[PDB]
file query_18.cif (mmCIF, C-alpha atoms)
data_query
loop_
_atom_site.group_PDB
_atom_site.id
_atom_site.type_symbol
_atom_site.label_atom_id
_atom_site.label_comp_id
_atom_site.auth_asym_id
_atom_site.auth_seq_id
_atom_site.Cartn_x
_atom_site.Cartn_y
_atom_site.Cartn_z
ATOM 1 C CA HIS C 1 -14.596 -35.756 -34.965
ATOM 2 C CA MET C 2 -15.573 -37.984 -37.908
ATOM 3 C CA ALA C 3 -14.709 -37.520 -41.563
ATOM 4 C CA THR C 4 -17.095 -35.471 -43.741
ATOM 5 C CA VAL C 5 -18.796 -37.578 -46.432
ATOM 6 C CA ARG C 6 -21.711 -36.752 -48.656
ATOM 7 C CA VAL C 7 -23.305 -37.691 -51.956
ATOM 8 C CA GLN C 8 -25.139 -34.952 -53.803
ATOM 9 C CA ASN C 9 -26.455 -33.880 -57.184
ATOM 10 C CA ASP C 10 -25.348 -30.240 -56.902
ATOM 11 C CA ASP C 11 -21.827 -29.255 -57.842
ATOM 12 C CA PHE C 12 -19.260 -28.607 -55.117
ATOM 13 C CA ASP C 13 -16.752 -25.811 -54.439
ATOM 14 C CA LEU C 14 -13.248 -27.141 -53.893
ATOM 15 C CA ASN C 15 -12.034 -23.985 -52.034
ATOM 16 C CA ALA C 16 -15.032 -24.070 -49.723
ATOM 17 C CA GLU C 17 -14.546 -27.757 -48.909
ATOM 18 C CA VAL C 18 -10.810 -27.341 -48.302
ATOM 19 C CA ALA C 19 -11.462 -24.286 -46.104
ATOM 20 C CA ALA C 20 -13.958 -26.226 -43.975
ATOM 21 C CA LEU C 21 -11.558 -29.172 -43.683
ATOM 22 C CA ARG C 22 -8.787 -26.792 -42.564
ATOM 23 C CA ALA C 23 -11.053 -25.018 -40.082
ATOM 24 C CA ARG C 24 -11.628 -28.315 -38.243
ATOM 25 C CA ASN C 25 -7.840 -28.858 -38.012
ATOM 26 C CA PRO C 26 -6.064 -25.556 -37.283
ATOM 27 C CA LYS C 27 -2.830 -27.081 -35.916
ATOM 28 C CA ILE C 28 -1.943 -28.993 -39.107
ATOM 29 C CA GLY C 29 -1.529 -27.523 -42.567
ATOM 30 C CA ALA C 30 -0.580 -30.152 -45.171
ATOM 31 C CA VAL C 31 -3.587 -30.587 -47.509
ATOM 32 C CA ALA C 32 -3.735 -33.043 -50.396
ATOM 33 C CA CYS C 33 -6.767 -33.138 -52.651
ATOM 34 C CA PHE C 34 -8.008 -34.888 -55.738
ATOM 35 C CA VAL C 35 -10.732 -33.703 -58.105
ATOM 36 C CA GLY C 36 -11.982 -36.041 -60.843
ATOM 37 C CA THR C 37 -13.841 -34.557 -63.814
ATOM 38 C CA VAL C 38 -15.702 -36.029 -66.751
ATOM 39 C CA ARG C 39 -13.055 -36.505 -69.412
ATOM 40 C CA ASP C 40 -13.950 -34.864 -72.731
ATOM 41 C CA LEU C 41 -13.404 -37.797 -75.102
ATOM 42 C CA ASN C 42 -15.971 -38.769 -77.745
ATOM 43 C CA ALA C 43 -21.458 -38.241 -70.895
ATOM 44 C CA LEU C 44 -21.874 -40.061 -67.574
ATOM 45 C CA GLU C 45 -24.931 -40.813 -65.464
ATOM 46 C CA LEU C 46 -24.389 -42.140 -61.944
ATOM 47 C CA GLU C 47 -26.639 -43.267 -59.161
ATOM 48 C CA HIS C 48 -25.974 -44.372 -55.610
ATOM 49 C CA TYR C 49 -27.831 -46.441 -53.036
ATOM 50 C CA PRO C 50 -28.889 -43.901 -50.379
ATOM 51 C CA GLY C 51 -27.429 -44.766 -47.001
ATOM 52 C CA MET C 52 -25.486 -47.776 -48.253
ATOM 53 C CA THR C 53 -23.124 -45.731 -50.416
ATOM 54 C CA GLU C 54 -22.513 -43.084 -47.751
ATOM 55 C CA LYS C 55 -21.818 -45.769 -45.142
ATOM 56 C CA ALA C 56 -19.193 -47.344 -47.416
ATOM 57 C CA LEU C 57 -17.540 -43.974 -47.968
ATOM 58 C CA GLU C 58 -17.504 -43.453 -44.187
ATOM 59 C CA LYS C 59 -15.882 -46.878 -43.642
ATOM 60 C CA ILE C 60 -13.180 -46.011 -46.187
ATOM 61 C CA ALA C 61 -12.557 -42.651 -44.507
ATOM 62 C CA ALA C 62 -12.417 -44.293 -41.064
ATOM 63 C CA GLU C 63 -9.928 -46.868 -42.363
ATOM 64 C CA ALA C 64 -7.745 -44.034 -43.606
ATOM 65 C CA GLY C 65 -7.891 -42.566 -40.097
ATOM 66 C CA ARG C 66 -6.864 -45.923 -38.625
ATOM 67 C CA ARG C 67 -3.814 -46.141 -40.904
ATOM 68 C CA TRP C 68 -2.704 -42.489 -40.515
ATOM 69 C CA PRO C 69 -3.663 -41.321 -37.006
ATOM 70 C CA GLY C 70 -4.214 -37.581 -36.817
ATOM 71 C CA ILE C 71 -5.523 -36.980 -40.361
ATOM 72 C CA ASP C 72 -8.944 -35.650 -41.308
ATOM 73 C CA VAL C 73 -10.802 -36.510 -44.509
ATOM 74 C CA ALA C 74 -13.509 -34.914 -46.664
ATOM 75 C CA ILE C 75 -15.314 -36.728 -49.488
ATOM 76 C CA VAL C 76 -17.954 -35.266 -51.806
ATOM 77 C CA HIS C 77 -19.231 -37.464 -54.627
ATOM 78 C CA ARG C 78 -21.780 -36.328 -57.176
ATOM 79 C CA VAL C 79 -24.582 -38.363 -58.753
ATOM 80 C CA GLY C 80 -27.011 -37.679 -61.581
ATOM 81 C CA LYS C 81 -26.310 -36.688 -65.153
ATOM 82 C CA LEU C 82 -22.742 -35.400 -65.476
ATOM 83 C CA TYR C 83 -21.499 -33.772 -68.669
ATOM 84 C CA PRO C 84 -18.006 -33.437 -70.154
ATOM 85 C CA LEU C 85 -15.808 -31.238 -67.931
ATOM 86 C CA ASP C 86 -18.205 -31.557 -64.933
ATOM 87 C CA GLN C 87 -16.674 -32.287 -61.543
ATOM 88 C CA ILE C 88 -17.490 -35.819 -60.349
ATOM 89 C CA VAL C 89 -15.770 -36.325 -56.991
ATOM 90 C CA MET C 90 -13.362 -34.644 -54.641
ATOM 91 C CA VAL C 91 -11.294 -36.058 -51.800
ATOM 92 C CA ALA C 92 -9.299 -33.810 -49.500
ATOM 93 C CA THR C 93 -7.092 -34.851 -46.553
ATOM 94 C CA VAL C 94 -5.134 -32.781 -44.034
ATOM 95 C CA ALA C 95 -2.178 -33.985 -41.978
ATOM 96 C CA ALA C 96 0.768 -32.571 -40.088
ATOM 97 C CA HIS C 97 3.088 -33.677 -42.904
ATOM 98 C CA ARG C 98 2.623 -33.908 -46.667
ATOM 99 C CA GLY C 99 3.562 -37.593 -46.808
ATOM 100 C CA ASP C 100 0.529 -38.714 -44.811
ATOM 101 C CA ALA C 101 -1.705 -36.231 -46.631
ATOM 102 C CA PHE C 102 -0.781 -37.577 -50.089
ATOM 103 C CA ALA C 103 -0.906 -41.205 -49.009
ATOM 104 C CA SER C 104 -4.288 -40.981 -47.300
ATOM 105 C CA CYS C 105 -5.827 -39.001 -50.172
ATOM 106 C CA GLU C 106 -4.692 -41.545 -52.761
ATOM 107 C CA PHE C 107 -5.725 -44.471 -50.544
ATOM 108 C CA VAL C 108 -9.220 -43.028 -50.119
ATOM 109 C CA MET C 109 -9.584 -42.460 -53.875
ATOM 110 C CA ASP C 110 -8.316 -45.967 -54.720
ATOM 111 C CA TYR C 111 -10.672 -47.602 -52.231
ATOM 112 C CA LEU C 112 -13.607 -45.423 -53.272
ATOM 113 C CA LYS C 113 -13.083 -46.277 -56.931
ATOM 114 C CA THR C 114 -12.871 -50.017 -56.113
ATOM 115 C CA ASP C 115 -15.527 -50.487 -53.429
ATOM 116 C CA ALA C 116 -18.007 -47.607 -53.031
ATOM 117 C CA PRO C 117 -21.332 -48.802 -54.522
ATOM 118 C CA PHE C 118 -22.244 -46.686 -57.524
ATOM 119 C CA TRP C 119 -24.011 -47.591 -60.769
ATOM 120 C CA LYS C 120 -23.726 -45.978 -64.201
ATOM 121 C CA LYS C 121 -26.226 -45.858 -67.023
ATOM 122 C CA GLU C 122 -25.494 -47.900 -70.140
ATOM 123 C CA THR C 123 -27.802 -47.771 -73.151
ATOM 124 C CA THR C 124 -28.551 -51.065 -74.923
ATOM 125 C CA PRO C 125 -32.174 -51.950 -75.965
ATOM 126 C CA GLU C 126 -30.764 -48.655 -71.185
ATOM 127 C CA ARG C 127 -29.716 -50.202 -67.861
ATOM 128 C CA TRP C 128 -27.709 -49.534 -64.695
ATOM 129 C CA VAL C 129 -24.384 -51.370 -64.399
ATOM 130 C CA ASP C 130 -21.839 -51.570 -61.553
ATOM 131 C CA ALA C 131 -19.529 -48.542 -61.639
ATOM 132 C CA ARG C 132 -16.957 -50.094 -59.277
ATOM 133 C CA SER C 133 -13.542 -50.764 -60.787
ATOM 134 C CA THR C 134 -12.754 -54.282 -61.990
ATOM 135 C CA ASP C 135 -8.999 -53.838 -61.398
ATOM 136 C CA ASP C 136 -8.445 -56.795 -59.043
ATOM 137 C CA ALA C 137 -4.937 -55.496 -58.226
ATOM 138 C CA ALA C 138 -5.695 -51.840 -57.453
ATOM 139 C CA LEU C 139 -5.480 -52.096 -53.663
ATOM 140 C CA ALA C 140 -2.411 -54.380 -53.612
ATOM 141 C CA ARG C 141 -0.190 -51.353 -53.022
ATOM 142 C CA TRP C 142 -2.162 -50.803 -49.822
ATOM 143 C CA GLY C 143 -1.777 -54.384 -48.546
ATOM 144 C CA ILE C 144 -5.224 -55.540 -49.731
ATOM 145 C CA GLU C 145 -5.251 -58.559 -52.048
ATOM 146 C CA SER C 146 -7.727 -60.043 -54.563
ATOM 147 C CA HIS O 1 1.281 -2.508 -74.480
ATOM 148 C CA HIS O 2 1.431 -6.230 -75.321
ATOM 149 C CA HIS O 3 1.020 -8.082 -72.029
ATOM 150 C CA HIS O 4 3.502 -10.728 -70.977
ATOM 151 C CA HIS O 5 1.763 -13.824 -69.653
ATOM 152 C CA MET O 6 1.650 -14.852 -66.035
ATOM 153 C CA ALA O 7 3.738 -17.937 -65.415
ATOM 154 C CA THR O 8 2.218 -21.288 -64.541
ATOM 155 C CA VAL O 9 5.212 -21.782 -62.248
ATOM 156 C CA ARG O 10 5.790 -18.676 -60.203
ATOM 157 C CA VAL O 11 6.780 -17.019 -56.965
ATOM 158 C CA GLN O 12 4.694 -14.149 -55.586
ATOM 159 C CA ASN O 13 4.019 -12.227 -52.399
ATOM 160 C CA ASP O 14 0.243 -12.097 -52.882
ATOM 161 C CA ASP O 15 -2.011 -14.928 -51.796
ATOM 162 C CA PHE O 16 -3.303 -17.362 -54.423
ATOM 163 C CA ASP O 17 -6.708 -18.903 -55.137
ATOM 164 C CA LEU O 18 -6.627 -22.714 -55.296
ATOM 165 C CA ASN O 19 -9.776 -23.161 -57.358
ATOM 166 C CA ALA O 20 -8.702 -20.382 -59.761
ATOM 167 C CA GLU O 21 -5.369 -22.104 -60.388
ATOM 168 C CA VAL O 22 -7.046 -25.507 -60.774
ATOM 169 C CA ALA O 23 -9.613 -24.019 -63.160
ATOM 170 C CA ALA O 24 -6.900 -22.422 -65.307
ATOM 171 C CA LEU O 25 -4.870 -25.633 -65.246
ATOM 172 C CA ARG O 26 -7.897 -27.556 -66.502
ATOM 173 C CA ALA O 27 -8.508 -24.921 -69.179
ATOM 174 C CA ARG O 28 -4.942 -25.476 -70.439
ATOM 175 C CA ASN O 29 -5.579 -29.267 -70.643
ATOM 176 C CA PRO O 30 -9.007 -29.743 -72.222
ATOM 177 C CA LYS O 31 -8.761 -33.512 -72.886
ATOM 178 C CA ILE O 32 -7.632 -34.822 -69.459
ATOM 179 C CA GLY O 33 -9.432 -34.510 -66.162
ATOM 180 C CA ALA O 34 -7.699 -36.095 -63.120
ATOM 181 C CA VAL O 35 -6.368 -33.263 -60.893
ATOM 182 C CA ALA O 36 -4.142 -33.766 -57.820
ATOM 183 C CA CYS O 37 -3.335 -30.814 -55.558
ATOM 184 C CA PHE O 38 -1.189 -30.020 -52.563
ATOM 185 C CA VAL O 39 -1.564 -26.825 -50.519
ATOM 186 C CA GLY O 40 0.600 -26.057 -47.493
ATOM 187 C CA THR O 41 -0.526 -23.565 -44.850
ATOM 188 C CA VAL O 42 1.218 -22.179 -41.768
ATOM 189 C CA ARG O 43 0.313 -24.158 -38.659
ATOM 190 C CA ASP O 44 -1.631 -22.296 -35.980
ATOM 191 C CA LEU O 45 0.246 -22.814 -32.708
ATOM 192 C CA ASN O 46 -1.636 -19.948 -30.965
ATOM 193 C CA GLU O 47 1.320 -17.623 -31.313
ATOM 194 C CA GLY O 48 -0.909 -14.928 -32.860
ATOM 195 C CA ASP O 49 -0.245 -12.855 -35.940
ATOM 196 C CA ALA O 50 1.695 -10.001 -34.360
ATOM 197 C CA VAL O 51 4.965 -11.463 -35.672
ATOM 198 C CA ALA O 52 5.541 -13.481 -38.824
ATOM 199 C CA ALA O 53 5.461 -17.240 -38.242
ATOM 200 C CA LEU O 54 7.440 -17.772 -41.446
ATOM 201 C CA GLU O 55 9.337 -15.227 -43.549
ATOM 202 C CA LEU O 56 10.673 -16.403 -46.911
ATOM 203 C CA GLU O 57 12.729 -14.870 -49.683
ATOM 204 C CA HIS O 58 13.786 -16.362 -53.012
ATOM 205 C CA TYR O 59 16.468 -15.881 -55.661
ATOM 206 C CA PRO O 60 14.699 -13.963 -58.458
ATOM 207 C CA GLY O 61 15.134 -15.835 -61.721
ATOM 208 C CA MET O 62 17.107 -18.744 -60.276
ATOM 209 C CA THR O 63 14.267 -19.962 -58.056
ATOM 210 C CA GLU O 64 11.719 -19.877 -60.885
ATOM 211 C CA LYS O 65 14.158 -21.634 -63.213
ATOM 212 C CA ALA O 66 14.655 -24.345 -60.586
ATOM 213 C CA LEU O 67 10.903 -24.849 -60.215
ATOM 214 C CA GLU O 68 10.497 -25.033 -63.995
ATOM 215 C CA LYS O 69 13.268 -27.643 -64.124
ATOM 216 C CA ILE O 70 11.385 -29.732 -61.546
ATOM 217 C CA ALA O 71 8.114 -29.433 -63.474
ATOM 218 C CA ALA O 72 9.808 -30.377 -66.745
ATOM 219 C CA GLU O 73 11.398 -33.448 -65.175
ATOM 220 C CA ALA O 74 7.958 -34.439 -63.900
ATOM 221 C CA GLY O 75 6.645 -34.116 -67.454
ATOM 222 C CA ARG O 76 9.394 -36.423 -68.696
ATOM 223 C CA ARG O 77 8.693 -39.080 -66.041
ATOM 224 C CA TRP O 78 4.891 -38.968 -66.504
ATOM 225 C CA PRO O 79 4.290 -38.060 -70.172
ATOM 226 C CA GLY O 80 1.018 -36.257 -70.794
ATOM 227 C CA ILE O 81 0.691 -34.480 -67.443
ATOM 228 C CA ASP O 82 0.789 -30.740 -66.823
ATOM 229 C CA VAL O 83 2.006 -28.924 -63.703
ATOM 230 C CA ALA O 84 1.193 -25.613 -61.966
ATOM 231 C CA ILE O 85 3.253 -24.215 -59.058
ATOM 232 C CA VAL O 86 2.633 -21.062 -56.979
ATOM 233 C CA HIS O 87 4.935 -20.437 -54.015
ATOM 234 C CA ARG O 88 4.607 -17.402 -51.799
ATOM 235 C CA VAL O 89 7.406 -15.362 -50.300
ATOM 236 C CA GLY O 90 7.428 -12.619 -47.707
ATOM 237 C CA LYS O 91 5.979 -12.583 -44.208
ATOM 238 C CA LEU O 92 3.497 -15.400 -43.573
ATOM 239 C CA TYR O 93 1.221 -15.715 -40.555
ATOM 240 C CA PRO O 94 -0.612 -18.626 -38.903
ATOM 241 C CA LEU O 95 -3.220 -20.187 -41.269
ATOM 242 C CA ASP O 96 -1.795 -18.383 -44.367
ATOM 243 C CA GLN O 97 -1.281 -20.364 -47.551
ATOM 244 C CA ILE O 98 2.393 -20.956 -48.372
ATOM 245 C CA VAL O 99 2.559 -23.027 -51.560
ATOM 246 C CA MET O 100 0.389 -24.986 -53.937
ATOM 247 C CA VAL O 101 1.207 -27.565 -56.596
ATOM 248 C CA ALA O 102 -1.456 -28.884 -58.933
ATOM 249 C CA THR O 103 -1.055 -31.556 -61.602
ATOM 250 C CA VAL O 104 -3.469 -32.867 -64.207
ATOM 251 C CA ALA O 105 -3.294 -36.253 -65.938
ATOM 252 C CA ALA O 106 -5.516 -38.667 -67.818
ATOM 253 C CA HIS O 107 -5.423 -40.971 -64.798
ATOM 254 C CA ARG O 108 -5.323 -40.318 -61.070
ATOM 255 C CA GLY O 109 -2.187 -42.411 -60.449
ATOM 256 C CA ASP O 110 0.044 -40.188 -62.596
ATOM 257 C CA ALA O 111 -1.575 -37.065 -61.162
ATOM 258 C CA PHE O 112 -0.815 -38.067 -57.558
ATOM 259 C CA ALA O 113 2.695 -39.337 -58.366
ATOM 260 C CA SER O 114 3.745 -36.217 -60.269
ATOM 261 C CA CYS O 115 2.299 -33.896 -57.614
ATOM 262 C CA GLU O 116 4.244 -35.673 -54.864
ATOM 263 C CA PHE O 117 7.430 -35.728 -56.941
ATOM 264 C CA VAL O 118 7.136 -31.991 -57.579
ATOM 265 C CA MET O 119 6.555 -31.191 -53.891
ATOM 266 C CA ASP O 120 9.427 -33.462 -52.783
ATOM 267 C CA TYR O 121 11.962 -31.885 -55.153
ATOM 268 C CA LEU O 122 10.676 -28.371 -54.465
ATOM 269 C CA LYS O 123 11.337 -28.812 -50.736
ATOM 270 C CA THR O 124 14.850 -30.163 -51.414
ATOM 271 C CA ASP O 125 16.014 -28.224 -54.487
ATOM 272 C CA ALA O 126 14.148 -24.929 -54.916
ATOM 273 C CA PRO O 127 16.358 -22.080 -53.631
ATOM 274 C CA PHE O 128 14.472 -20.397 -50.789
ATOM 275 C CA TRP O 129 15.640 -18.696 -47.603
ATOM 276 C CA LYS O 130 13.832 -18.218 -44.300
ATOM 277 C CA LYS O 131 14.477 -15.656 -41.575
ATOM 278 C CA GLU O 132 15.491 -16.969 -38.161
ATOM 279 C CA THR O 133 16.495 -14.735 -35.253
ATOM 280 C CA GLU O 134 18.169 -12.311 -37.388
ATOM 281 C CA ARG O 135 19.587 -14.063 -40.439
ATOM 282 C CA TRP O 136 18.534 -15.635 -43.715
ATOM 283 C CA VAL O 137 19.255 -19.357 -43.699
ATOM 284 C CA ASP O 138 18.880 -21.948 -46.434
ATOM 285 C CA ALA O 139 15.326 -23.284 -46.410
ATOM 286 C CA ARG O 140 16.124 -26.368 -48.505
ATOM 287 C CA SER O 141 15.902 -29.693 -46.695
ATOM 288 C CA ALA O 142 15.344 -38.627 -48.447
ATOM 289 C CA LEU O 143 14.192 -38.569 -52.099
ATOM 290 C CA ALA O 144 15.159 -42.245 -52.488
ATOM 291 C CA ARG O 145 11.516 -43.002 -53.349
ATOM 292 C CA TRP O 146 12.209 -41.606 -56.824
#
call {"tool": "encode", "arguments": {"input": "query_18.cif", "output": "structure tokens"}}
result
Amino acid sequence: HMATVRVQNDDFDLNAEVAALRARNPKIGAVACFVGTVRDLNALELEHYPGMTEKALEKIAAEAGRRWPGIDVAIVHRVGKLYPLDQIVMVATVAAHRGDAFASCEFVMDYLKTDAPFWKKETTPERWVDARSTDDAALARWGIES
Amino acid sequence: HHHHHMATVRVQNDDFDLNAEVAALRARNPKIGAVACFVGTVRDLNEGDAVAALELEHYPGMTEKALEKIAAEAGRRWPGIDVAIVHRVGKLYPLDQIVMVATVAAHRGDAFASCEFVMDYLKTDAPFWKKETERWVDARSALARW
């Protein structure tokens, strides 16, 4: 089975997503997850490229599966207008052992934040700008340079 | 009459609710929004639930104090995070939740790092015992990463 990846406007339910991830993998029980929320410092509006963004998230998830055989991965990323304290994205992984669960979850989040094509609204007389991270050393921990 | 508060680091027999603990953790940290979680469940090896797959007991007082010591050390190493720990005791069956750790930080790197640190030291240092037939044996466990 392939990793679960979707982009949606509606909010997600972390328990429900973790439960579904677990139900696909009954013989392993180490689950690591990450939930990012809109930080409340004094709004965010995101869009994706339908198809292209999902395919990139699926490539990232498949690369995690190549590095840590036996894991499973779930990714749910929201788009649209997101307000302070709103959930933005969740990543959950399950593995036999916690080490692989933590590593794969953080790898997926790092790669998603660097490479998954998203755009964010920016208002200047308003436009859509690249939301990918500009940190050209983020993936160096994972053996990926430049 | 006055109600004592439920601890953010605790041991209990009852099951816990991951999203409820994450929601409360976020409500105690209104200005930061990167949440990392670990949840461990009992592996399903098709043994059935007629007999406990895992049976744990703790040292009342000492175990909680040890977990609070771990969480406080995490707060020293990653200033600005917050930590929640719920560990179950008693008879646990295949697919049951065992333990969760959740951390919140301004940035995902500190959230992941503190969550892994807490889980690593919990597994090595928190006083727990597990039944093995029958006797109660030390459940404590390579922390060189830290």
call {"tool": "closest_residue", "arguments": {"input": "query_18.cif", "among": "C:88, C:62, C:108, C:20", "to": "residue 35 of chain C", "atoms": "only C-alpha atoms"}}
result
C:88
call {"tool": "closest_atom_pairs", "arguments": {"input": "query_18.cif", "of": "chain C", "to": "chain O", "cutoff": "7 Å", "atoms": "all atoms listed in the file", "output": "JSON lines"}}
result
{"residue": "C:14", "atom": "CA", "partner": "O:19", "partner_atom": "CA", "distance": 6.3}
{"residue": "C:15", "atom": "CA", "partner": "O:19", "partner_atom": "CA", "distance": 5.8}
{"residue": "C:26", "atom": "CA", "partner": "O:44", "partner_atom": "CA", "distance": 5.7}
{"residue": "C:27", "atom": "CA", "partner": "O:44", "partner_atom": "CA", "distance": 4.9}
{"residue": "C:28", "atom": "CA", "partner": "O:43", "partner_atom": "CA", "distance": 5.4}
{"residue": "C:29", "atom": "CA", "partner": "O:41", "partner_atom": "CA", "distance": 4.7}
{"residue": "C:30", "atom": "CA", "partner": "O:40", "partner_atom": "CA", "distance": 4.9}
{"residue": "C:31", "atom": "CA", "partner": "O:39", "partner_atom": "CA", "distance": 5.2}
{"residue": "C:32", "atom": "CA", "partner": "O:38", "partner_atom": "CA", "distance": 4.5}
{"residue": "C:33", "atom": "CA", "partner": "O:37", "partner_atom": "CA", "distance": 5.1}
{"residue": "C:34", "atom": "CA", "partner": "O:36", "partner_atom": "CA", "distance": 4.5}
{"residue": "C:35", "atom": "CA", "partner": "O:35", "partner_atom": "CA", "distance": 5.2}
{"residue": "C:36", "atom": "CA", "partner": "O:34", "partner_atom": "CA", "distance": 4.9}
{"residue": "C:37", "atom": "CA", "partner": "O:33", "partner_atom": "CA", "distance": 5.0}
{"residue": "C:38", "atom": "CA", "partner": "O:33", "partner_atom": "CA", "distance": 6.5}
{"residue": "C:39", "atom": "CA", "partner": "O:33", "partner_atom": "CA", "distance": 5.3}
{"residue": "C:40", "atom": "CA", "partner": "O:31", "partner_atom": "CA", "distance": 5.4}
{"residue": "C:41", "atom": "CA", "partner": "O:31", "partner_atom": "CA", "distance": 6.7}
call {"tool": "atom_distance", "arguments": {"input": "query_18.cif", "atom1": "atom CA of residue 51 of chain C", "atom2": "atom CA of residue 119 of chain C"}}
result
14.5 Å
call {"tool": "atom_distance", "arguments": {"input": "query_18.cif", "atom1": "atom CA of residue 68 of chain C", "atom2": "atom CA of residue 2 of chain C"}}
result
13.9 Å
call {"tool": "resolve_selection", "arguments": {"input": "query_18.cif", "expression": "the PyMOL selection byres ((chain O and resi 81) around 6)", "output": "ChimeraX atom specification"}}
result
/O:75,79-80,82,104-105
call {"tool": "atom_distance", "arguments": {"input": "query_18.cif", "atom1": "atom CA of residue 128 of chain C", "atom2": "atom CA of residue 12 of chain C"}}
result
24.5 Å
call {"tool": "residues_around", "arguments": {"input": "query_18.cif", "residues": "segment 69-84 of chain C", "least_positions_apart": "4", "cutoff": "9 Å", "atoms": "only C-alpha atoms", "output": "ChimeraX atom specification"}}
result
/C:1-12,17-18,21-22,24-25,28,37-41,43-48,57-58,61-62,64-65,88-96,100-101,104-105,108,118
call {"tool": "resolve_selection", "arguments": {"input": "query_18.cif", "expression": "the PyMOL selection byres ((chain C and resi 114) around 12)", "output": "ChimeraX atom specification"}}
result
/C:56-57,60,107-113,115-118,130-140,144,146
call {"tool": "resolve_selection", "arguments": {"input": "query_18.cif", "expression": "the PyMOL selection byres ((chain O and resi 146) around 10)", "output": "CSV table (one decimal) with C-alpha atoms, keeping the file's coordinate frame"}}
result
chain,number,residue,atom,x,y,z
O,113,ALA,CA,2.7,-39.3,-58.4
O,117,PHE,CA,7.4,-35.7,-56.9
O,120,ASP,CA,9.4,-33.5,-52.8
O,121,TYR,CA,12.0,-31.9,-55.2
O,142,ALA,CA,15.3,-38.6,-48.4
O,143,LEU,CA,14.2,-38.6,-52.1
O,144,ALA,CA,15.2,-42.2,-52.5
O,145,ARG,CA,11.5,-43.0,-53.3
